[PDB]
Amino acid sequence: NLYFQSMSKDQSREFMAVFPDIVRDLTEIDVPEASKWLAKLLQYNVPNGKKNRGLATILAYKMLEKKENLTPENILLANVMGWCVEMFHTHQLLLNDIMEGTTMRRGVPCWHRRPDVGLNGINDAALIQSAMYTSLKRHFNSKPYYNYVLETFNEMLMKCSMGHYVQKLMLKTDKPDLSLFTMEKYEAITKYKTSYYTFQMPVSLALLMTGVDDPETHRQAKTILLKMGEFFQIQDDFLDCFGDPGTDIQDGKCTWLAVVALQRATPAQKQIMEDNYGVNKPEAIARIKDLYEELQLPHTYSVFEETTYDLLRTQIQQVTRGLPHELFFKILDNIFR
């Protein structure tokens, strides 16, 4: 584990040292106060995350680019491209903050909870989104992959936004609509809202930056990475509930657990779920959890984990079109901890 922990320690360090200049480039005439605000706004919201997708975008580029092309100039560009994915993520996080009434995030108060923002938070998000596209043009307009980069940041915005709509259908009456809690509906929410921009975007951008725009190479990659995206979400689902210290449950969220509990429940075990899911009481949340252990979900998942791991391993090694296996094996092995 020592090489990994050290190269990560300095990869993250190189990456964090490029942000300051992204800010500075976006601020250097009628409205100088708007440029000051875009500074504050970027420095509070974008660089304080765990930086997974940004790091994934640069990790992917190193793994995919030809060695005679791993120049400090191309490294910095893979690096600025990471910060464009982080910006896109911040845009998404901030819109959802206002939509869902989030109070605390990144261990600090949500941007919109400041007195002089409130719903004006929505415009502040529009400023981050625009900074992203400005930054995308200033670093990349000269590149022959430039159109496909803008198309992918655009396709990804569509994909998240359909993803949020399908999710909202799942709350009719500030109470969850359990009839919609199917594995087709959870797989689709998970794919659109999370997997596209969290797992594919970083890798399809790194592929583009490499001059690889082969349509079949892109599908091949996406096919595996979306599965991987679903796995991450299921595991996320199982630590929210059976975590070792999550509000999914008192929140009536569409989880893998609630979908699989409904597949296996007696009409009597369905009735307890209707009565106790998405209710913010220790009792209701405790009842839902007794039932989760009664339908043997911890075992069921354990078996799912072991098997799905071997399926995706087998599916990696059957990937071709020049793509490195050691990239997908590395994304699998990291989202398995």
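Residue positions are given as counts along the sequence shown, with the first one as 1.
Going from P245 to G246, you skip over 4 to 9 residues of the deposited sequence that the entry leaves unmodelled. According to the entry, the deposited sequence places 4 to 9 unmodelled residues between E28 and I29.
A summary of the deposited B-factors shows that, of 209-217 and 124-132, the stretch with the larger mean C-alpha value is 209-217. Taking the PDB entry as given, 97-105 carries the higher mean Cα B factor of the two stretches 97-105 and 133-141. As recorded in the entry, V117 carries the highest CA temperature factor of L225, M156, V117, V259.
When the Cα B-factors of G252, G229, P202, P72 are read from the PDB record, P72 comes out highest. Per the deposited record, the Cα B-factor of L169 falls in the middle third when ranked against the other modelled residues of its chain. The entry lists a Cα temperature factor for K40 that places it in the middle third of the chain's modelled residues. Residue-level temperature factors show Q296 in the highest third of its chain, judged at the C-alpha atom. Sort the modelled residues of the chain by CA B factor and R264 lands in the highest third.
Compared with the other modelled residues of the chain, the Cα B-factor recorded for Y309 ranks in the middle third.
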